[PDB]
Every structure is written in C-alpha cells, then in structure tokens.
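> Structure file target.cif (mmCIF, C-alpha atoms and all ligand atoms) is given on the next line.
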```
data_run
#
loop_
_atom_site.label_atom_id
_atom_site.label_comp_id
_atom_site.auth_asym_id
_atom_site.auth_seq_id
_atom_site.Cartn_x
_atom_site.Cartn_y
_atom_site.Cartn_z
CA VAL A 1 43.25 210.52 -46.00
CA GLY A 2 41.63 207.07 -45.64
CA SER A 3 38.15 205.93 -44.83
CA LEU A 4 35.14 207.88 -43.34
CA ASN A 5 33.44 206.09 -40.42
CA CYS A 6 30.85 206.73 -37.73
CA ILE A 7 30.99 204.93 -34.43
CA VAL A 8 28.16 204.93 -31.83
CA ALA A 9 26.69 202.84 -28.97
CA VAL A 10 22.89 202.88 -29.06
CA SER A 11 20.07 201.37 -26.91
CA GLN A 12 17.13 199.49 -28.34
CA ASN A 13 14.95 202.66 -28.36
CA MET A 14 17.77 204.43 -30.38
CA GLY A 15 19.07 206.38 -27.41
CA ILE A 16 22.65 207.68 -27.35
CA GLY A 17 22.62 210.22 -24.48
CA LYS A 18 20.74 211.59 -21.50
CA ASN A 19 21.57 214.83 -19.68
CA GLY A 20 25.04 215.12 -21.31
CA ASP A 21 26.01 211.54 -20.40
CA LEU A 22 25.32 208.00 -21.66
CA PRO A 23 21.86 206.48 -20.90
CA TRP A 24 23.39 203.41 -19.22
CA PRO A 25 25.95 202.92 -16.56
CA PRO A 26 29.55 202.75 -17.65
CA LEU A 27 30.47 199.69 -19.73
CA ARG A 28 34.25 199.58 -19.34
CA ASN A 29 34.88 197.16 -22.22
CA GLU A 30 32.65 199.13 -24.54
CA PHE A 31 34.73 202.23 -23.87
CA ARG A 32 37.88 200.05 -24.52
CA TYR A 33 36.38 199.00 -27.88
CA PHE A 34 35.63 202.62 -28.79
CA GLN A 35 39.24 203.68 -27.90
CA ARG A 36 40.74 200.72 -29.83
CA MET A 37 38.69 201.20 -33.00
CA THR A 38 39.15 204.95 -33.21
CA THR A 39 42.94 204.91 -32.29
CA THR A 40 44.14 201.94 -34.43
CA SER A 41 45.60 203.09 -37.87
CA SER A 42 46.98 200.59 -40.39
CA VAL A 43 49.10 203.28 -42.17
CA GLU A 44 52.52 203.79 -40.55
CA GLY A 45 53.28 207.44 -39.61
CA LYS A 46 49.62 208.51 -39.52
CA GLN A 47 46.99 208.98 -36.84
CA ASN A 48 43.30 208.86 -37.12
CA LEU A 49 41.10 212.00 -36.79
CA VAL A 50 37.97 212.15 -34.58
CA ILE A 51 35.25 214.60 -35.45
CA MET A 52 32.67 215.51 -32.86
CA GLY A 53 30.14 218.10 -31.99
CA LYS A 54 30.67 220.54 -29.18
CA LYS A 55 28.39 218.76 -26.65
CA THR A 56 30.06 215.47 -27.35
CA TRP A 57 33.41 217.06 -26.63
CA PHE A 58 32.24 218.40 -23.29
CA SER A 59 30.62 215.01 -22.46
CA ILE A 60 34.01 213.30 -22.38
CA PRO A 61 35.56 213.52 -18.89
CA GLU A 62 38.30 216.21 -18.93
CA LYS A 63 40.92 213.62 -17.92
CA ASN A 64 40.20 211.76 -21.21
CA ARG A 65 40.36 214.87 -23.43
CA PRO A 66 41.73 215.11 -26.01
CA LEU A 67 41.12 211.53 -27.01
CA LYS A 68 44.79 210.40 -26.83
CA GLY A 69 46.62 209.25 -29.92
CA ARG A 70 43.99 210.79 -32.28
CA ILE A 71 43.74 214.22 -33.83
CA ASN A 72 40.66 215.84 -32.19
CA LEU A 73 38.40 218.13 -34.20
CA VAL A 74 35.31 219.87 -32.73
CA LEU A 75 32.37 221.23 -34.73
CA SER A 76 30.86 224.52 -33.60
CA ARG A 77 29.52 227.76 -35.13
CA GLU A 78 29.53 229.62 -31.78
CA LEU A 79 33.13 228.91 -30.62
CA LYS A 80 35.90 231.16 -31.91
CA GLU A 81 38.75 228.73 -31.35
CA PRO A 82 39.12 225.04 -30.45
CA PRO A 83 38.27 224.32 -26.83
CA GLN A 84 41.07 223.83 -24.25
CA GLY A 85 42.70 220.50 -25.18
CA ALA A 86 41.16 220.15 -28.63
CA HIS A 87 43.27 220.48 -31.83
CA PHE A 88 40.99 221.79 -34.45
CA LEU A 89 37.65 223.65 -34.87
CA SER A 90 35.41 223.60 -37.95
CA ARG A 91 32.05 225.31 -38.67
CA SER A 92 30.60 222.46 -40.71
CA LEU A 93 31.14 218.77 -41.51
CA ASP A 94 32.12 219.71 -45.10
CA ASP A 95 34.60 222.21 -43.76
CA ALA A 96 36.13 219.58 -41.51
CA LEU A 97 36.46 217.04 -44.31
CA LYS A 98 38.04 219.70 -46.56
CA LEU A 99 40.63 220.58 -43.84
CA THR A 100 41.64 216.97 -43.89
CA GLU A 101 42.80 217.54 -47.52
CA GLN A 102 44.87 220.64 -46.69
CA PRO A 103 48.65 220.25 -46.69
CA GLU A 104 48.71 220.64 -42.90
CA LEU A 105 46.67 217.32 -42.48
CA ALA A 106 46.68 215.54 -45.85
CA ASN A 107 49.63 213.29 -45.08
CA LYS A 108 48.98 213.00 -41.32
CA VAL A 109 45.42 211.56 -41.16
CA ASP A 110 44.56 207.88 -41.87
CA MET A 111 40.87 207.15 -40.91
CA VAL A 112 38.25 209.77 -40.08
CA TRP A 113 35.85 208.74 -37.23
CA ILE A 114 32.72 210.72 -36.48
CA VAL A 115 32.03 210.06 -32.83
CA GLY A 116 28.79 212.07 -32.23
CA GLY A 117 26.33 213.57 -31.75
CA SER A 118 22.96 213.15 -33.49
CA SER A 119 23.20 215.97 -36.13
CA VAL A 120 26.78 215.16 -37.13
CA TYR A 121 25.77 211.48 -37.55
CA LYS A 122 22.63 212.38 -39.60
CA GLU A 123 24.53 214.54 -42.09
CA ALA A 124 27.35 212.04 -42.50
CA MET A 125 24.87 209.22 -43.01
CA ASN A 126 22.82 210.99 -45.62
CA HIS A 127 25.70 212.38 -47.70
CA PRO A 128 26.66 210.35 -50.82
CA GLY A 129 29.83 208.30 -50.76
CA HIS A 130 31.56 205.40 -49.02
CA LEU A 131 30.85 205.25 -45.31
CA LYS A 132 30.91 202.62 -42.54
CA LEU A 133 28.86 202.62 -39.31
CA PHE A 134 30.35 200.83 -36.25
CA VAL A 135 27.32 200.33 -34.04
CA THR A 136 27.22 198.82 -30.61
CA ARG A 137 23.70 197.59 -29.91
CA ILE A 138 22.92 197.91 -26.22
CA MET A 139 20.15 195.30 -25.95
CA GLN A 140 17.79 197.04 -23.48
CA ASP A 141 15.71 200.24 -23.55
CA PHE A 142 17.16 203.18 -21.61
CA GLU A 143 15.62 206.59 -20.99
CA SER A 144 17.30 208.98 -23.33
CA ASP A 145 17.11 212.57 -24.55
CA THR A 146 19.34 212.25 -27.63
CA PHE A 147 18.87 209.61 -30.38
CA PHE A 148 20.76 207.97 -33.20
CA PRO A 149 19.31 208.78 -36.67
CA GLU A 150 17.52 206.06 -38.62
CA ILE A 151 19.81 203.59 -40.43
CA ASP A 152 18.39 203.03 -43.99
CA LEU A 153 19.13 199.31 -44.50
CA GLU A 154 18.45 199.60 -48.16
CA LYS A 155 21.73 201.54 -48.42
CA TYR A 156 23.65 200.29 -45.24
CA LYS A 157 24.50 196.61 -45.45
CA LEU A 158 25.16 194.81 -42.15
CA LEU A 159 28.48 193.00 -42.72
CA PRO A 160 28.51 189.30 -41.77
CA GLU A 161 31.97 189.55 -40.22
CA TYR A 162 34.66 192.17 -39.66
CA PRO A 163 38.31 191.70 -38.51
CA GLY A 164 38.91 192.99 -35.01
CA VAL A 165 35.24 192.99 -34.05
CA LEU A 166 33.77 190.30 -31.85
CA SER A 167 30.60 188.72 -33.14
CA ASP A 168 29.07 187.24 -30.01
CA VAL A 169 27.05 188.82 -27.24
CA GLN A 170 28.93 190.77 -24.60
CA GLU A 171 27.71 191.56 -21.15
CA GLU A 172 28.77 194.02 -18.50
CA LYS A 173 26.94 195.25 -15.37
CA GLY A 174 24.10 192.83 -16.38
CA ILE A 175 23.59 194.67 -19.69
CA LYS A 176 23.90 192.56 -22.94
CA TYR A 177 25.28 194.26 -26.07
CA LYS A 178 26.68 193.29 -29.49
CA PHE A 179 28.91 194.90 -32.07
CA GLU A 180 27.89 195.53 -35.70
CA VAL A 181 29.49 197.00 -38.80
CA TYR A 182 27.45 198.54 -41.63
CA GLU A 183 28.71 199.76 -45.03
CA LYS A 184 27.14 201.88 -47.73
CA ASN A 185 28.62 203.19 -51.03
CA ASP A 186 26.41 205.58 -52.99
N1 LIG B 1 26.28 206.68 -27.06
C1 LIG B 1 27.17 207.29 -27.97
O1 LIG B 1 27.84 206.59 -28.74
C2 LIG B 1 27.34 208.70 -28.00
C3 LIG B 1 26.70 209.43 -27.00
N2 LIG B 1 26.84 210.84 -26.97
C4 LIG B 1 25.94 211.50 -25.96
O2 LIG B 1 25.02 212.20 -26.90
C5 LIG B 1 24.90 213.62 -26.35
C6 LIG B 1 25.67 214.82 -27.09
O3 LIG B 1 25.02 214.84 -28.38
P1 LIG B 1 24.17 215.96 -29.11
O4 LIG B 1 23.21 216.76 -28.33
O5 LIG B 1 23.74 215.21 -30.23
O6 LIG B 1 25.40 216.98 -29.46
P2 LIG B 1 26.67 217.28 -30.47
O7 LIG B 1 27.85 216.66 -29.95
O8 LIG B 1 26.30 216.94 -31.85
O9 LIG B 1 26.77 218.82 -30.16
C7 LIG B 1 25.79 219.76 -30.79
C8 LIG B 1 26.50 221.13 -30.82
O10 LIG B 1 27.62 220.88 -31.79
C9 LIG B 1 27.73 221.93 -32.79
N3 LIG B 1 27.45 221.24 -34.01
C10 LIG B 1 26.85 219.99 -34.20
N4 LIG B 1 26.94 219.68 -35.51
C11 LIG B 1 27.59 220.66 -36.15
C12 LIG B 1 27.93 220.86 -37.44
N5 LIG B 1 27.66 219.96 -38.40
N6 LIG B 1 28.61 221.97 -37.78
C13 LIG B 1 28.92 222.89 -36.77
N7 LIG B 1 28.59 222.79 -35.44
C14 LIG B 1 27.88 221.65 -35.22
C15 LIG B 1 26.67 222.95 -32.41
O11 LIG B 1 27.25 223.75 -31.52
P3 LIG B 1 27.20 225.35 -31.78
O12 LIG B 1 25.86 225.83 -31.21
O13 LIG B 1 28.31 225.88 -30.93
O14 LIG B 1 27.24 225.73 -33.23
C16 LIG B 1 25.64 222.06 -31.63
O15 LIG B 1 24.83 222.83 -30.58
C17 LIG B 1 25.51 213.60 -25.02
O16 LIG B 1 24.50 213.04 -24.09
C18 LIG B 1 26.67 212.60 -25.15
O17 LIG B 1 26.97 211.94 -23.89
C19 LIG B 1 27.67 211.59 -27.95
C20 LIG B 1 28.33 210.80 -28.86
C21 LIG B 1 28.19 209.34 -29.01
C1 LIG B 2 31.43 209.10 -27.80
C2 LIG B 2 31.28 207.68 -27.30
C3 LIG B 2 31.43 207.45 -25.92
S1 LIG B 2 31.71 208.81 -24.52
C4 LIG B 2 33.51 208.64 -24.10
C5 LIG B 2 33.87 208.91 -22.77
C6 LIG B 2 35.14 208.75 -22.30
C7 LIG B 2 36.15 208.37 -23.16
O1 LIG B 2 37.38 208.22 -22.65
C8 LIG B 2 37.63 206.91 -21.96
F1 LIG B 2 38.84 206.90 -21.65
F2 LIG B 2 37.40 205.65 -22.92
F3 LIG B 2 36.70 206.84 -20.63
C9 LIG B 2 35.83 208.13 -24.49
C10 LIG B 2 34.52 208.31 -25.00
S2 LIG B 2 31.31 205.77 -25.49
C11 LIG B 2 31.07 205.38 -27.17
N1 LIG B 2 30.96 204.12 -27.58
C12 LIG B 2 30.89 203.99 -28.94
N2 LIG B 2 30.75 202.75 -29.41
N3 LIG B 2 30.84 205.00 -29.85
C13 LIG B 2 30.96 206.28 -29.34
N4 LIG B 2 30.92 207.31 -30.28
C14 LIG B 2 31.12 206.52 -28.02
#
```
Show this structure as structure tokens.


Amino acid sequence: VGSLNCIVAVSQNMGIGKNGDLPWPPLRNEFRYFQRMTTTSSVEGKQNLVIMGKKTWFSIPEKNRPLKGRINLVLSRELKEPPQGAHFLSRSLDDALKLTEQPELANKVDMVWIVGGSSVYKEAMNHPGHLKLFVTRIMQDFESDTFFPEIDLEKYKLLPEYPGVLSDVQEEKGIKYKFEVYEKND
C-alpha cells in the first residue's frame, strides 16, 4: 500500500455539507478533479482505495456508486455488511487501514484516499504519520451543517506546487475556488 491522503472541498466558513448534500451548487470541474485525483494510480496493476463514512456514501448519487475504478470502503458500526454497491465495510479507521495490509488487499491497493466526512477526517488528521490533505478552497461562505476539522498549520505545510494540480483561481457558476495540497509527517 502507498500513501494516505484526505481530499475535501470546503467553503470559507469551513463548511463541507448541508442536509446530506454539498453547501454550494454543483461545480462540474471540481467533481472532475475529485474523480481524477482519487482514481489516478502511478503503480501499474493497482487501484486506489477510497474510505468514507456511511453518510458520505449515501450522499453520492446512486448512479455514481461505487466510485468507479476505485476500491470502495465504508465505515460504520451499525451496518452488518457493506451497502449495495460498496466493496468493503470496516468498524473503525484503524480497522480499515489494517485490512489494507491483509493478503486480500496488500498487493491490490496503491493510494488510500479518505473522502469524508468530518469525524473520519478529524481522526486521520490527528493520528501520527505521513499524510497529505488535498483541499479545494471554495472562496465564499455557504450555509452548512457539517464542517471540516481545523488544519494545524504548524504540522501541515501548504506545498508551493504539486504536479497535476492547477495553481490559479478557478471559477464555475460564479463561484471562485482554488486547489491546495498540505503535507505533514509526524
Ligand atoms: N465537501 C466535501 O468534500 C465533502 C462533503 N461531504 C458532505 O458532508 C456530509 C456527510 O458527512 P458527515 O455527517 O460528516 O458523515 P460521515 O460520512 O462521516 O458519516 C458518519 C457515519 O459514518 C459512520 N462512521 C463515521 N466515522 C466512522 C468511523 N471512524 N468508524 C466507524 N463508523 C464511522 C457512523 O455511522 P454508524 O452510526 O453506522 O456507525 C457515522 O454516523 C454530507 O453533507 C456530504 O454531502 C462528505 C464528504 C466530503
Ligand atoms: C466527497 C466529495 C464530493 S460528493 C461526490 C458526488 C458525486 C460523485 O460522483 C460524480 F460522478 F463525480 F458526480 C463523486 C463525489 S465532491 C468532493 N470534492 C472534493 N474535493 N473532495 C471530496 N471528498 C468530495
């Protein structure tokens, strides 16, 4: 298994969701970026694995589930088996990351991408080790009911460039946004 990564889009007031959906109207190129970053593996013969919580799963339109070309793992303590369309179920983040090392996944999985929601991000971000954050800054405030945890910039360095990630301001539907990559190693 390769690197551990989180990826999120977040408004200025740290919002990531409202009522089971995004706070903003659909940004088609931002979704394209998310699909590209999470799907693209540099290691031939492997796929990347996406880890998400149960509400994040159910927030993705059914026609887009599972996230194609990725192994899809859902976190839940209430479910007894993966949801329809998902590949794996784990009861904790640590359990998921362990599974990754089992013979049934150890030689299949390149990058691990945590794709939401708030509690899965917070635990990943606060656990020692090497981790990157791929953050899209949506440059407006939007009403939200779910929030991205605080990024401690003492530990997470904003990288001044990253291959494959545009550095200038994007705009769709009149909404400006920018892409960022952070790295820690502790
Ligand atoms: N803008 C963005 O980039 C993103 C936006 N979103 C939006 O954010 C919202 C969904 O997020 P949120 O409420 O945070 O929900 P989650 O996706 O984190 O789902 C929470 C449920 O997941 C299970 N769960 C979460 N963490 C763990 C864990 N570590 N171990 C085991 N089970 C766990 C629990 O289910 P159980 O009770 O069954 O144990 C919990 O009730 C939606 O509005 C979605 O649209 C989501 C991802 C990214
Ligand atoms: C989870 C998420 C979303 S919700 C979503 C909804 C539909 C999807 O399928 C399709 F095909 F791209 F419409 C894929 C993801 S946008 C987003 N942006 C970034 N930067 N980080 C994240 N973690 C997310």

> Can I get the residues close to ligand LIG 1 (chain B) as a PyMOL selection string, where close means within 9 Å and we count all atoms listed in the file?

chain A and resi 7-11+15-24+34+52-60+74-79+89-96+114-121+123-124+135-136+144-148

> Separation of atom CA of residue A:42 and atom CA of residue A:170, in Å?

25.9 Å

> Counting only C-alpha atoms and all ligand atoms, figure out which residue out of A:29, A:35, A:5, A:12 gets nearest to ligand LIG 2 (chain B).

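The closest residue to ligand LIG 2 (chain B) is A:35.
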
> With distances taken over only C-alpha atoms and all ligand atoms, which residue among A:128, A:174, A:2, A:25 lies nearest ligand LIG 2 (chain B)?

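Closest candidate: A:25.
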
> Under the rule that all atoms listed in the file are counted, which of A:38, A:102, A:167, A:48 is the nearest residue to ligand LIG 2 (chain B)?

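Of the candidates, the smallest distance to ligand LIG 2 (chain B) is held by A:38.
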
> So which residues touch stretch 181-185 of chain A within 12 Å, counting only C-alpha atoms, skipping near sequence neighbours fewer than 5 positions away, as a ChimeraX atom specification?

/A:3-9,37,124-137,151-167

> Rounded to one decimal place, report the atom CA of residue A:111-atom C6 of ligand LIG 2 (chain B) distance in Å.

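Here the two named atoms are 19.5 Å from each other.
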
> Can you pull out every residue within 10 Å of residue A:105, counting only C-alpha atoms, but drop anything in the same chain fewer than 4 positions away, and send it as number ranges by chain?

A: 1, 46, 49, 71, 98-101, 109-110

> Enter the distance from atom CA of residue A:40 to atom CA of residue A:82, in Å, rounded to one decimal.

24.0 Å

> Supply stretch 99-121 of chain A as a JSON list (two decimals), keeping the file's coordinate frame, with N, CA, C and O atoms built in where the input has gaps.


```json
[["chain", "number", "residue", "atom", "x", "y", "z"],
["A", 99, "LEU", "N", 39.40, 220.30, -44.60],
["A", 99, "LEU", "CA", 40.63, 220.58, -43.84],
["A", 99, "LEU", "C", 41.60, 219.39, -43.89],
["A", 99, "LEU", "O", 42.86, 219.51, -44.00],
["A", 100, "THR", "N", 41.01, 218.24, -43.71],
["A", 100, "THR", "CA", 41.64, 216.97, -43.89],
["A", 100, "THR", "C", 42.50, 216.88, -45.15],
["A", 100, "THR", "O", 43.60, 216.30, -45.10],
["A", 101, "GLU", "N", 42.05, 217.52, -46.24],
["A", 101, "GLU", "CA", 42.80, 217.54, -47.52],
["A", 101, "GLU", "C", 43.84, 218.65, -47.65],
["A", 101, "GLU", "O", 44.59, 218.68, -48.63],
["A", 102, "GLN", "N", 43.89, 219.56, -46.68],
["A", 102, "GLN", "CA", 44.87, 220.64, -46.69],
["A", 102, "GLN", "C", 46.25, 220.09, -46.41],
["A", 102, "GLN", "O", 46.37, 219.02, -45.82],
["A", 103, "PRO", "N", 47.31, 220.82, -46.85],
["A", 103, "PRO", "CA", 48.65, 220.25, -46.69],
["A", 103, "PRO", "C", 48.98, 220.01, -45.21],
["A", 103, "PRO", "O", 49.66, 219.04, -44.90],
["A", 104, "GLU", "N", 48.45, 220.84, -44.32],
["A", 104, "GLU", "CA", 48.71, 220.64, -42.90],
["A", 104, "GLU", "C", 48.05, 219.38, -42.24],
["A", 104, "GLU", "O", 48.25, 219.16, -41.04],
["A", 105, "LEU", "N", 47.34, 218.55, -43.01],
["A", 105, "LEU", "CA", 46.67, 217.32, -42.48],
["A", 105, "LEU", "C", 46.68, 216.16, -43.47],
["A", 105, "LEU", "O", 46.56, 215.00, -43.11],
["A", 106, "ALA", "N", 46.87, 216.49, -44.74],
["A", 106, "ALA", "CA", 46.68, 215.54, -45.85],
["A", 106, "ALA", "C", 47.56, 214.29, -45.74],
["A", 106, "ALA", "O", 47.12, 213.21, -46.10],
["A", 107, "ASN", "N", 48.75, 214.42, -45.19],
["A", 107, "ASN", "CA", 49.63, 213.29, -45.08],
["A", 107, "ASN", "C", 49.76, 212.78, -43.65],
["A", 107, "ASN", "O", 50.56, 211.84, -43.40],
["A", 108, "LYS", "N", 48.99, 213.39, -42.74],
["A", 108, "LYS", "CA", 48.98, 213.00, -41.32],
["A", 108, "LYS", "C", 47.86, 212.04, -40.95],
["A", 108, "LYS", "O", 48.04, 211.25, -39.99],
["A", 109, "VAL", "N", 46.74, 212.20, -41.61],
["A", 109, "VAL", "CA", 45.42, 211.56, -41.16],
["A", 109, "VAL", "C", 45.22, 210.28, -41.96],
["A", 109, "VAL", "O", 45.28, 210.30, -43.23],
["A", 110, "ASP", "N", 45.05, 209.15, -41.26],
["A", 110, "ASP", "CA", 44.56, 207.88, -41.87],
["A", 110, "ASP", "C", 42.99, 207.86, -41.86],
["A", 110, "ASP", "O", 42.41, 208.49, -42.75],
["A", 111, "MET", "N", 42.37, 207.24, -40.87],
["A", 111, "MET", "CA", 40.87, 207.15, -40.91],
["A", 111, "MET", "C", 40.24, 208.37, -40.23],
["A", 111, "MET", "O", 40.88, 208.96, -39.32],
["A", 112, "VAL", "N", 39.07, 208.73, -40.71],
["A", 112, "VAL", "CA", 38.25, 209.77, -40.08],
["A", 112, "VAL", "C", 37.11, 209.05, -39.39],
["A", 112, "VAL", "O", 36.37, 208.27, -39.97],
["A", 113, "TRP", "N", 36.95, 209.35, -38.05],
["A", 113, "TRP", "CA", 35.85, 208.74, -37.23],
["A", 113, "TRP", "C", 34.97, 209.81, -36.68],
["A", 113, "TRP", "O", 35.46, 210.69, -35.94],
["A", 114, "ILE", "N", 33.72, 209.84, -37.11],
["A", 114, "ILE", "CA", 32.72, 210.72, -36.48],
["A", 114, "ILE", "C", 32.27, 210.00, -35.26],
["A", 114, "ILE", "O", 31.65, 208.93, -35.35],
["A", 115, "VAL", "N", 32.36, 210.69, -34.13],
["A", 115, "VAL", "CA", 32.03, 210.06, -32.83],
["A", 115, "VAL", "C", 30.82, 210.72, -32.13],
["A", 115, "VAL", "O", 30.61, 210.27, -30.97],
["A", 116, "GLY", "N", 30.08, 211.56, -32.83],
["A", 116, "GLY", "CA", 28.79, 212.07, -32.23],
["A", 116, "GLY", "C", 28.74, 213.55, -32.35],
["A", 116, "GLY", "O", 29.78, 214.18, -32.61],
["A", 117, "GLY", "N", 27.61, 214.20, -32.17],
["A", 117, "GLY", "CA", 26.33, 213.57, -31.75],
["A", 117, "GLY", "C", 25.36, 213.50, -32.90],
["A", 117, "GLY", "O", 25.74, 213.23, -34.07],
["A", 118, "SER", "N", 24.06, 213.60, -32.59],
["A", 118, "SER", "CA", 22.96, 213.15, -33.49],
["A", 118, "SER", "C", 23.06, 213.93, -34.88],
["A", 118, "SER", "O", 22.96, 213.27, -35.97],
["A", 119, "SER", "N", 23.28, 215.26, -34.86],
["A", 119, "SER", "CA", 23.20, 215.97, -36.13],
["A", 119, "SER", "C", 24.39, 215.70, -37.02],
["A", 119, "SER", "O", 24.20, 215.60, -38.24],
["A", 120, "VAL", "N", 25.56, 215.47, -36.40],
["A", 120, "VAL", "CA", 26.78, 215.16, -37.13],
["A", 120, "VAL", "C", 26.61, 213.72, -37.78],
["A", 120, "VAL", "O", 26.90, 213.48, -38.99],
["A", 121, "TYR", "N", 26.07, 212.81, -36.96],
["A", 121, "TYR", "CA", 25.77, 211.48, -37.55],
["A", 121, "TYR", "C", 24.78, 211.59, -38.72],
["A", 121, "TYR", "O", 24.98, 210.95, -39.77]]
```
